[PDB]
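Given as structure tokens, the chain that follows is alone and in the form deposited in one PDB entry.
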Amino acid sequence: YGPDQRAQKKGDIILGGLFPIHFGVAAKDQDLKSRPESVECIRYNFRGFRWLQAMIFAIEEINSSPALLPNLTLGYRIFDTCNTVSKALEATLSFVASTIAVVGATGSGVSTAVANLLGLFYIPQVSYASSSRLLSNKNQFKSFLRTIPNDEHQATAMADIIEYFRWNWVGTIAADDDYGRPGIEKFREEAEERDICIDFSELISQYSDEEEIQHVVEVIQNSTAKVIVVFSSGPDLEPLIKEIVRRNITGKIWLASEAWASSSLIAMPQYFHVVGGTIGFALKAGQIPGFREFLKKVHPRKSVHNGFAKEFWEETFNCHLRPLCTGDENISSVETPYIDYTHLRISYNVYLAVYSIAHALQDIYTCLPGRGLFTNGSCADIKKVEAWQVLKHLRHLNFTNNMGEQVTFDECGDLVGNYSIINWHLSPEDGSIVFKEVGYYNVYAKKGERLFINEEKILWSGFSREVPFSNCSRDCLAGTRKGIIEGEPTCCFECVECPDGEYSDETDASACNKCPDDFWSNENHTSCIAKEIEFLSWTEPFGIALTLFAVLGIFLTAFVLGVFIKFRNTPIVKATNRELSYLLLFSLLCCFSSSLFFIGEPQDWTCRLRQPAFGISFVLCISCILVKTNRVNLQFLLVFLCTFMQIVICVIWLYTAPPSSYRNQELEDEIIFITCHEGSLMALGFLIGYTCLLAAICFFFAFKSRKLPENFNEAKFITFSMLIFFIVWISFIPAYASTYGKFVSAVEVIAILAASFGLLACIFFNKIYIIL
């Protein structure tokens, strides 16, 4: 028979309906000491009553209009589910015990149970609010069609919003039923496809225990993420919100699904300091003329067909039929969600479901023999119509709304729809919560072009304007790279500085970069500068300071030669071998010239001659000075033999292993020296040793004859010059052995100039002075 409380009217064709007039059942749990009784409902639902009114209005208008079903009256039989499976199953047993269509339930689990029962007898069921993707399976739910889309697009939209605002550190919360779980799974898949890290994920219910509530609250508090995505309804979300308000946890960003984005259970001013600035999804609104007047024309006395109106009035005016009420009140004098609304969405879905059933019936009525949807093109009988025939016509139906929009059901009985994005604000007039549109979501568009948000219209946490931060890690700038933190996701990391020789340019770099082998890292490891070249050369202090002196010395020896040629007749110049003084002076010229190879860029030919040139010149000079004394042509044989021995040594050295240039970068890694090694060391030792031996022989021979004052005391000055040569060579040995930079080149030229100047002066100063 069904529950006593009902709405019912008599007609030729009867329609069923299920609406949640209450929010749930009483908390008392029976221990089965006595006979179980009927469980009672506790809280009222003005929105659900409005939905029921919408269905009744649609049926009454259909019966009024003589263009949809002439000569045919439609009846209804509507019950209350109280948001629970047990009460909705009792009514469905009365439906199948006749109705040809049922306007479905609100919750997904309730709709699943009702559809399981109703598909046994092929009674079509049109739901207005159940959006679970599990109801699209046509192998299980053979009679289920709906006027609302499923939540795959809504989860994709949540991921799109998260990617738009550039967050990667979020938490999720879902209700423990067929609405929350599939939605949170689809969101998890999309988020992991978009590289988003989820911190925690918990479940809740309207009948959750205190320990579970505390545990969820403590997880939320212990987490460091700020954005929380919630897939639930108001009845299942209220206890957690109450506990969170009690614990005073603020500063979080909420992303709501459509089921509670506009719920009056949560949108309370006492909670606004926690759930302010909420961003959610809301479906498209429709328009139904005359509906508000129909709603305000309710009365427990003239609504004989309706039964819930008595309890409606009692819970509206707080009376009984706690003072007694005369029934003369006004619904406009009390503030309830009943007539206080701005947009109708699920009421419009109710309207659409009723009109879908009516249009299928009219399609059955109109068809002509031979042009049918049944076997042999036959046409159904309107006076004996059946539920399966109505279901077939519903699966082959499309029509046009009152706004000119076209309604078509797909192969899964699903429709396609648009979403809108709203933000929660505080009304400055009375402190109530107002829902302000800030965007939308387009489903007919392509991937990546479905979402539009006006950020300037969004208030964050209710009273701010700066986009929040939820990332688990502050990005580190150039010159540093990311480092793994163990046991944590990829979104959380530490940054460390890049070492020498490597650098990073772009932010959020996972590895430093090495510059090619002519560069070095900067001071901050952001750009690799050029490797500085360093070597003694011209246009530099030491180079000019040394060649200017080389030019001065070459001019001095040229002048000396000029004085000698001019005075080629004075007897003082005579008895000093004219054939050997010129050779000595020209060798001095050559030594001064060879002192110029040591300064410059070390090409492969400068370093093949810079040493042998000076060796040859000095051996020639010492050979000249070792025979110039008459206490010994045949004298030219000595200079020729000495110079030829030296030349032989240098040529065999150059044949076995010529020296070459060398770019040096091993001593230091920031500056690269271009200094040329000598190639071989035994031959260099030969070259040095021959000259040192000749110098020693000359020193000994001159030390033999110091006392003689003939020839202006030649031997003493010879000893002086050989001495200065020897000490100036000995002094710089550690510098020669500690080759570091460009100082080694300078000391070579210093020694060359010192020795040559000493020899020239000690030989010719007195001779020129007495001459002039």
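Here, rigid core means the biggest group of C-alpha atoms that superpose within 1.5 Å across both forms. All residue numbers are counted from 1 along the displayed sequence.
Same protein, other form: the form deposited in another entry, not shown, and the subject of what follows.
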TODO: After superposing the two forms on their rigid core, pick out the one entry in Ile213, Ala267, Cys491, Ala695 with a CA shift of 2 Å or more between the shown form and the other one.
DONE: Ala695
Open item on the list: With both forms fitted on the core, check whether the Cα of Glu714 differs by 2 Å or more between the shown form and the other one.
Closed with: yes
Open item on the list: Once you overlay the rigid core, does the Cα of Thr547 travel 2 Å or further between the shown form and the other one?
Closed with: yes
- [ ] Examine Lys704 after superposing the rigid core and state whether its CA is displaced by 2 Å or more between the shown form and the other one.
- [x] yes
